[PDB]
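So the sequence shown is residues 2 to 536, 547 to 552, counted in the authors' numbering.
From the three backbone atoms N, C-alpha and C, an ideal C-beta is built for every residue, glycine too.
Structure record follows, encoded as structure tokens.
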Amino acid sequence: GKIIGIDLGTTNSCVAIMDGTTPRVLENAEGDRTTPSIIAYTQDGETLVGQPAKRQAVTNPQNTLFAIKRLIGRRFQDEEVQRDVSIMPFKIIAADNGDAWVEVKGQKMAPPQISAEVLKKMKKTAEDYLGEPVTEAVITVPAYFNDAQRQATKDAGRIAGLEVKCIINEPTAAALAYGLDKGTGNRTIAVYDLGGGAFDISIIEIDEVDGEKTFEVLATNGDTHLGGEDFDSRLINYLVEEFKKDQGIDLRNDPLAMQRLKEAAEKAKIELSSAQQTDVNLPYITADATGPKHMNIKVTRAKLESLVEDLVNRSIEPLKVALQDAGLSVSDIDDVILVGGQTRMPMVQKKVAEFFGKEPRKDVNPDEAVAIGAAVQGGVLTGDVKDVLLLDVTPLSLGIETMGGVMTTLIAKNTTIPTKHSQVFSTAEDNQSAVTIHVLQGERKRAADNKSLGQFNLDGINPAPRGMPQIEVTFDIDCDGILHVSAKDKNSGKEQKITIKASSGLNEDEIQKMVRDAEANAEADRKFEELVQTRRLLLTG
Ligand SMILES: Nc1ncnc2c1ncn2[C@@H]1O[C@H](COP(=O)(O)OP(=O)(O)OP(=O)(O)O)[C@@H](O)[C@H]1O
Ligand SMILES: [Mg+2]
Numbered sequence: 002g003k004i005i006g007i008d009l010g011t012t013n014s015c016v017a018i019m020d021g022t023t024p025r026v027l028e029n030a031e032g033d034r035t036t037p038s039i040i041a042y043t044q045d046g047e048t049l050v051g052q053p054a055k056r057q058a059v060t061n062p063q064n065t066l067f068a069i070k071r072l073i074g075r076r077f078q079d080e081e082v083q084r085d086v087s088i089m090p091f092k093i094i095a096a097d098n099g100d101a102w103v104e105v106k107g108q109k110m111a112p113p114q115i116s117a118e119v120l121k122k123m124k125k126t127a128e129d130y131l132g133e134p135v136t137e138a139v140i141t142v143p144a145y146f147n148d149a150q151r152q153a154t155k156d157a158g159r160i161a162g163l164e165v166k167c168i169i170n171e172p173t174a175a176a177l178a179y180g181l182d183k184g185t186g187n188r189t190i191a192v193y194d195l196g197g198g199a200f201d202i203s204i205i206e207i208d209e210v211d212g213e214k215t216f217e218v219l220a221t222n223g224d225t226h227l228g229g230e231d232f233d234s235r236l237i238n239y240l241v242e243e244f245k246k247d248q249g250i251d252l253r254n255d256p257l258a259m260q261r262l263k264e265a266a267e268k269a270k271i272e273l274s275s276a277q278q279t280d281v282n283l284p285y286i287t288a289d290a291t292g293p294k295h296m297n298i299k300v301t302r303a304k305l306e307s308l309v310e311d312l313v314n315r316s317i318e319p320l321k322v323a324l325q326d327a328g329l330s331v332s333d334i335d336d337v338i339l340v341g342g343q344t345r346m347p348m349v350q351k352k353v354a355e356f357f358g359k360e361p362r363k364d365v366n367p368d369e370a371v372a373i374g375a376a377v378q379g380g381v382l383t384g385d386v387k388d389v390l391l392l393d394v395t396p397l398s399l400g401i402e403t404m405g406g407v408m409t410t411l412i413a414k415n416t417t418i419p420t421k422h423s424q425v426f427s428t429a430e431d432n433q434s435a436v437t438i439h440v441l442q443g444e445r446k447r448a449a450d451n452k453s454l455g456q457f458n459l460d461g462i463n464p465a466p467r468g469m470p471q472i473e474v475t476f477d478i479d480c481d482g483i484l485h486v487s488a489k490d491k492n493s494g495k496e497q498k499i500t501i502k503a504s505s506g507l508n509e510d511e512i513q514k515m516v517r518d519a520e521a522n523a524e525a526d527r528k529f530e531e532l533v534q535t536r547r548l549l550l551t552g
């Protein structure tokens, strides 16, 4: 029946639903509109999720899992996983297949199983509110997630007992939330998302034509090293160094103390968005031969700002790239939307307002907008939300090079995503044993006048006259905008494939120039294609 929207966060998760025309963020049993993304396995056999898991973490560092979003869909040898292994107090292991897993109480578990526990709590929160079963969900992911990260998030959804109707990017969700307000049509917005796990920036166009409001991503990127956990780490390091200076003890080899110090640091960081100073007070933090030792360290806001200044400044460069990739100036951004708990830091707000020259909108809730927008997309799919469309179309034609240096289109410009199209090709020479699939992007008919996106070989073709072998070429663009190209020899069974990342932006200024350029050269391109075609389309070596 109803489709719920779930923000599966590194730090916090949130669930929302469409209640007729207006979205509703749903409270859990303690009364909370967000739930810590924390899962704990206790000595007496319980599985805790949320605030109960958080409260017993500082005593159970081994069997309390958090920040599992940093692992999901990743390989054990991935750079980020290895960086994560040390800092995490729980055991991160390699699965038999090379995926990054965790081990708790001797049980080896895949991240989607762990995240499913958070998603089940979200589902139940919703089922409790509706008095009915819920099984359909829109789940969000960072815009930087790849296919494996998305698929694994879909898995966690299923393991939680959810039909995953849709995965959408978090900044897009926030834009749908904002785009519920009136007067927001025909605007460009910047979505500045500083969460617990990463920084993301997206430039999104909200247009309104013939009653339909459309949402289209013009640029995205970010940095997984600029999240609130990185802010926390700078303050932890300062608290470690200050305790060394005050009392000559290095807390880093004492896991229980470091766990208490991590939580205290985060709470102090949070408090310093409201106050000018705060006190970190941790009695019985450690002991040496002379008895127990106690921490009491005052931290001013200016000191915090000094500790994280470089982190905040490093968020500016991805903004500049995002605007370049959309072909826009700051003067084209009609509104700035802050998403994420870490944007509540006053220094972050001021730096963003300085860059854009305007104050971020204040009627967007940075903890809830992602979950709200996911619910909006849910209502779009059920038909409860009318006249709202997420627009994802190919900017330019996509194809391969064929004989004569021709670009042969498989997917035409302005095709809606996701999409899949196949065409069968053959060989250009008798007894040709291999073909080269050269993937091309653009509107020109000569392959060399278009952009090369990648290439690969298919060999093992059995000897046969030119034109006889059947090479099926498939272009599949998934919802993440990732292009999958395969080539399969139907008679030998051999197949080869590649994956082509989505572009970081859609620069309509440059796209329309390329379109006009092709139109200016249409006749020349037509004549070119014709007297080459006087020779089923064929592939050279
Ligand atoms: N008032 C505040 N001032 C500064 N930081 C805060 C404040 N409130 C929360 N935070 C920080 O916000 C971060 C979590 O924000 P949020 O809940 O948006 O993350 P998330 O959506 O779970 O993460 P991600 O988007 O990476 O998956 C944490 O690092 C937390 O310490
Ligand atoms: Mg988030």
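Cβ atoms of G51 and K122: under 7 angstroms apart, would you say? yes
Relative to ligand 2, is the shortest distance from any of its heavy atoms to the C-beta of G229 smaller than 6 angstroms? no
Excluding the 5 residues flanking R345 on each side, which residues of the same chain have their C-beta closer than 6 angstroms to its C-beta? Only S274 meet the Cβ criterion.
Have a look at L252, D333, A370 and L195 and flag the residue whose alpha-carbon is nearest the alpha-carbon of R315. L195
I'd like the ranges of any beta strand (DSSP E) spanning at least 3 consecutive residues and lying wholly in the stretch 152–194. 164–170
Flag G341 as yes when its Cβ comes closer than 6 angstroms to any non-hydrogen atom of ligand 1, and as no otherwise. yes
Do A144 and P172 come within 7 angstroms of each other at the CB atom, strictly closer than that value? Taking a C-beta distance under 7 angstroms as the contact criterion, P172 and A144 qualify as a contact pair.
Taking one C-beta from the stretch 158–172 and one from the stretch 320–336 each time, how about it: are there three or more such pairs within less than 8 angstroms? No, the stretch 158–172 is not in contact with the stretch 320–336.
Residue nearest to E318 in terms of C-alpha spacing, selected from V474, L72, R159 and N222: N222
How is the alpha helix (DSSP H) around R56 delimited, first residue to last? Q52 to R56
For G197 versus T11, is the C-beta distance shorter than 7 angstroms? yes
Per DSSP, which one or two residues make a beta bridge with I202? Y193 and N222
Name the DSSP beta bridge partners of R25, please? In the DSSP output, where bridge partners are listed per residue, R25 has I18.
Identify the residues that DSSP records as bridge partners of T301: which are they? The beta-bridge partner set that DSSP reports for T301 consists of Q278.
The alpha helix (DSSP H) enclosing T126, as first and last residue numbers: Where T126 is concerned, the enclosing alpha helix (DSSP H) stretches over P112 to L131.
With a threshold of 6 angstroms, establish whether the CB of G223 neighbours any heavy atom of ligand 2. No, ligand 2 has no heavy atom inside 6 angstroms of this Cβ.
Mind checking who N13 pairs with in its DSSP beta bridge? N13 pairs with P37.
Please report the distance separating the alpha-carbon of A127 from that of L27. 7 angstroms
Only counting runs of 3 or more residues, tell me where the beta strand (DSSP E) segments fall wholly within the stretch 387–423, in order along the chain. 389–391, 399–403 and 407–412
So what does DSSP say about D479, is it helix, strand or coil? Assigned with DSSP and collapsed to three states, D479 falls in coil, not helix or strand.
Check for me: the alpha helix (DSSP H) holding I93 runs from which residue to which? Secondary structure note for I93: it is in no alpha helix (DSSP H), and the uninterrupted beta strand (DSSP E) holding it is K92 to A95.
Relative to the C-alpha of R56, which residue among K421, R302 and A265 is closest? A265
Quick one: give me the first and last residue of the beta strand (DSSP E) that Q442 is part of. For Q442, the enclosing beta strand (DSSP E) starts and ends at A435 to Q442.
Out of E473, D336 and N415, state which residue places its alpha-carbon closest to the alpha-carbon of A176. The alpha carbon of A176 has as its nearest neighbour, out of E473, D336 and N415, the alpha carbon of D336.
Let me check you understand the geometry: is the CB of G443 closer than 6 angstroms to at least one non-hydrogen atom of ligand 2? For ligand 2, not one heavy atom lies less than 6 angstroms from the Cβ of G443.
What span of residues does the alpha helix (DSSP H) with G379 cover, start to end? Run containing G379: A370 to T383, per the alpha helix (DSSP H) assignment.
Between the Cα of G552 and the Cα atoms of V486, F457 and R536, which residue gives the shortest distance? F457
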